[PDB]
Amino acid sequence: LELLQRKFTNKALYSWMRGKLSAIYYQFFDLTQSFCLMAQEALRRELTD
Amino acid sequence: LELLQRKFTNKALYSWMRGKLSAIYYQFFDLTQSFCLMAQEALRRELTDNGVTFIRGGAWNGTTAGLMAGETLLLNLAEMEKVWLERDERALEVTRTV
Amino acid sequence: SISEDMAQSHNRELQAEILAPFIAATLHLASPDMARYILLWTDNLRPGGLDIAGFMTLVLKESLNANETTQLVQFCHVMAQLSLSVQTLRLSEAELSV
Amino acid sequence: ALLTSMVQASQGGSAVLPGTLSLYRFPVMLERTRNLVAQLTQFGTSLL
Amino acid sequence: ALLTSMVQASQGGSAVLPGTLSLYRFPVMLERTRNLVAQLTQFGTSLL
Amino acid sequence: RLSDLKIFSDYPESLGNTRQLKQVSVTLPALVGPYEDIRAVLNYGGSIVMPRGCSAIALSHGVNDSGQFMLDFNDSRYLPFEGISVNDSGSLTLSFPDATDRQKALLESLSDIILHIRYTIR
Amino acid sequence: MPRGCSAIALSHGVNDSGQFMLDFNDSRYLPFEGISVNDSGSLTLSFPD
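Residues numbered from 1 in each chain as written, not as in the entry; some residues may be left out. Chains lettered and ligands numbered in written order. Part of a larger assembly, values for the part shown. Heavy atoms only, no water.

For this deposition, the record names cryo-EM as the technique by which the model was determined and cites 3.40 Å as its resolution.

Structure follows, in structure tokens:
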């Protein structure tokens, strides 16, 4: 158990990595949805519908 | 145990590989941060607005031992691209003869 | 992966950061941070009158080693002793840093 | 003898705001959004 | 009966230097930096 | 006014009803002195949503002028005035500033104004 | 035929091609492309009004 706690990839590292990735994902989703919306608007203008 | 020590992928090989990769990662991070900085400077020149700032530092955080540093740069570049797209404009042209 | 320019710098923290991954690889250490702190401790010890800069200069030599091999091997031996003792005690990185 | 079970609760979804008009034609925006969503998918896989 | 626990210490982050001005326009520099960052991400995944 | 041109009546009702502008150029047959540039502005006063900066052009030389460095119909960005319906109720305005003033002689020498409108039918 | 590739419009009539510019390397089919020369169809020129 002591060796498991002193590992390089212990619980703290995994927790911090997944928290940071969760925040990055949360912001990136908004960015890419905005991009998709402007693409759809461009298509609507192109088809005049 | 003896067989485990004579393995091709023993402890020494893994240690050397991860040490070399750590050094490569450490240098590559500096290179890519410099690249992101010059890209941000180019954007600032394009928009003529020195106030915009997107690389805020803290990408290399010691808690994660520097891992997933590149994700923050990716997010910052995405924000830069979105800002450039939204505020872009077709400029009027004028020619003057003196 | 080294050059004379960082050998002459007076920033021992930067030199420790540079040399940490290779020391970790050659001593089977867990992470580069542990190697950096071991290097700082050894530099404080000054085993054979060699600091970090002295070791880095000795590395950058075309085998022009008359008796400095003694200093180099003494430095390496002290480093190995420290790393082995830390590994045996199972000392955490936080305690070592503090 | 005791036993345990999973519990679920009602969950919602995201909404859509009105879009904006860019300056480029359709294919360029299509390719840009494709790159962005590929990046997003990679992020999700890493998270899992 | 003995027990053991995890210990954490304060950690810092990187800083930002003033940037430099290149010769190319924005989109090309953006694409170059994107490629470099993708390479960096692959390096990190391999390390893990 | 755009709709007063009766462009929609220049072709039969078939061949498509979605007719929109693609490009606008303008020629000013006037005598202009050497090393002197005309200064005019063409603007669209309609209410249809337009991308930023794609609603007005500037006139410098006035010989089949398009208000651009070079005209590339394969541009990845929308050309000025693109997407305007030909049956729109809006109006195009040509403005000559400081014609009281500096541009008086050139405007006196002016004969008329010519517009070249390129549009598409779907 | 592909949509819209069966008719062209004549404005100036001096070697006119009914296009902004003629590019034989276009990614899209040119008008009247693919018609067999031995076809029984007919080409019609219409002047309205």
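Back to the write-up after that little detour.
Here we come to the interface of chain C and chain A. Across the boundary between the two partners, chain C contributes 6 residues, which contact 4 residues of chain A. When chain C packs against chain A, close to 380 Å² is buried across both sides, 59% of that on carbon and sulfur atoms. Contact with chain A buries area across many residues of chain C, yet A30(C), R90(C) and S92(C) alone supply 80% of it, more than any other trio. The tally of links from chain C across to chain A stands at 0 salt bridges. Between the two partners, chain C and chain A, sit 1 residue pair in polar contact. Here the side of chain C that touches chain A is built from residues that sort into 2 nonpolar, 2 polar and 2 charged. (Contact = heavy atoms within 4.5 Å. Buried area = accessible area lost by both parts, 1.4 Å probe. Salt bridge = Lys/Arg side-chain N within 4 Å of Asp/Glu carboxyl O. Polar contact = N/O pair within 3.5 Å; in protein donor to acceptor, adjacent residues only side chain to side chain. Nonpolar A, V, L, I, M, F, W, Y, C, P; charged D, E, K, R; others polar.)

Moving on to the interface of chain E and chain B. Many structure descriptions define interface size as the accessible area lost when the parts assemble. Residue-level contacts link 27 residues of chain E with 37 residues of chain B. Carbon and sulfur atoms make up 76% of the area that chain E and chain B hide from each other, which totals about 2,900 Å². Seen at the junction of chain E and chain B, the total is 1 salt bridge. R34(E) is the salt-bridge partner of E81(B), the closest N and O atoms lying 2.6 Å from each other. The interface formed by chain E and chain B includes 5 residue pairs in polar contact. Grouping the amino acids of the side of chain E that touches chain B by side-chain chemistry returns 14 nonpolar, 12 polar and 1 charged.

Moving on to unusual backbone geometry. Here the bond from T100(F) into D101(F) is cis, since omega is 5°, no more than 30 degrees from zero. Note that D101(F) resides in the loop between strand 4 (92-95) and helix 1 (104-109). Here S63(C), not a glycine, exhibits a phi torsion of approximately 60°, which is positive. Mapped onto the fold, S63(C) is located in the loop between helix 4 (52-59) and helix 5 (68-89). You can call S63(C) exposed: its relative accessible area is 65%. (Helix = DSSP H or I, 4+ residues; strand = E, 2+ residues; numbered from the N terminus. Buried < 20%, exposed > 50% of the residue type's maximum accessible area, 1.4 Å probe, protein only.)

The next subject is the pattern of salt bridges. Opposite charge on two side chains lets them pair, provided their charged atoms get close. In the structure shown here, the tally under the stated rule is 17 salt bridges over all chains. For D4(F), the salt bridge goes to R1(F), with nearest N and O atoms at 3.5 Å. A cluster of three or more residues bridged by salt bridges with shared partners is formed by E81(B), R32(D) and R34(E).

Here we come to the nonpolar core. Counting 36 residues, the largest nonpolar core has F28(A), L43(B), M80(B) and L85(B) as its most contacted members. Examining the composition of this core, we find that 10 residues originate from one element, helix 3 (residues 69-87) of chain B, more than from any other. Apart from residues lying up to four places away in sequence, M80(B) is in contact with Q40(B), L43(B), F54(B), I55(B) and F26(E). (Core = buried A, V, L, I, M, F, W, Y, C linked by side-chain atoms within 4.5 Å.)

Attention now moves to the sheet that holds strand 3 (residues 56-59) of chain F. All names here are of chain F. Strand order in the open sheet formed by 3 strands is 3-2-4, with antiparallel pairing between adjacent strands. Bordering the open sheet on either side are strand 3 and strand 4, each of which pairs with just one other strand. When the angles between neighbouring strand axes are averaged without regard to direction, this sheet yields 15°. Sheet analysis places strand 2 (residues 40-44) next to strand 4, joined by 4 bridges and oriented antiparallel. Considered in strand 4, the bridge of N43 is made with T93. (Pairing = 2+ DSSP bridges. Axes fitted to C-alpha atoms, helices over the stretch in contact; angles between N-to-C directions.)

Our focus in this paragraph is the side chain of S22(B). In this fold, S22(B) is placed in helix 2 (residues 11-47). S22(B) has contacts with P21(C), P32(C) and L47(E), leaving out every residue within four places of it along the chain.

All names here are of chain C. Between its first and last C-alpha atoms helix 5 spans 32 Å; for 22 residues at 1.5 Å apiece the expected length is 32 Å, and the two agree. Along helix 5, the residues that are buried comprise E68, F75, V78, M79, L82, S83 and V86. For helix 5, the angular spread of the buried residues around the axis is 125°, confining them to a single face. The exposed set on the far side of helix 5, more than 90 degrees from its buried face, consists of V73, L84 and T88. Where the residues of helix 5 are buried, they touch helix 2 (12-27), helix 3 (32-45), helix 4 and helix 6 (93-97). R90 sits one or two residues past helix 5 and shows a positive phi near 55°. (Expected span 1.5 Å × (residues − 1). Arc of directions from axis to C-beta.)

This paragraph deals with the arrangement of the chains. The interface with the most contacts, out of 12 pairs of chains in contact, is the one formed by chains B and E. Contact between chain E and chain F is absent, and the least distance between their C-alpha atoms amounts to 14 Å. In this view chain E stays clear of chain G, with the nearest C-alpha atoms of the two still 25 Å from each other.

Now for helix 4 of chain C. Residue and element names in this part refer to chain C. Within the span of helix 4, buried status applies to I52, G54, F55, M56 and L58. Where helix 4 is buried, its residues touch helix 1 (4-8), helix 2, helix 3 and helix 5. Here helix 4 starts with a cap whose side-chain oxygen sits 3.0 Å from the backbone nitrogen of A53, and that cap is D51.

Moving on to the environment of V26(F). All names here are of chain F. The topology assignment puts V26 in strand 1 (residues 19-27). Taking the C-alpha atoms as reference, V26 lies 7.4 Å from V63; in sequence the two are 37 residues apart. Contact partners of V26, with chain neighbours within four places excluded, come to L59, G62, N64, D65, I113, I114, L115 and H116.

With that settled, the discussion passes to the environment of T41(E). Along the chain, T41(E) turns up in helix 1 (residues 26-47). The spatial distance from the C-alpha of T41(E) to the C-alpha of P18(E) is 24 Å, given a sequence separation of 23 residues.

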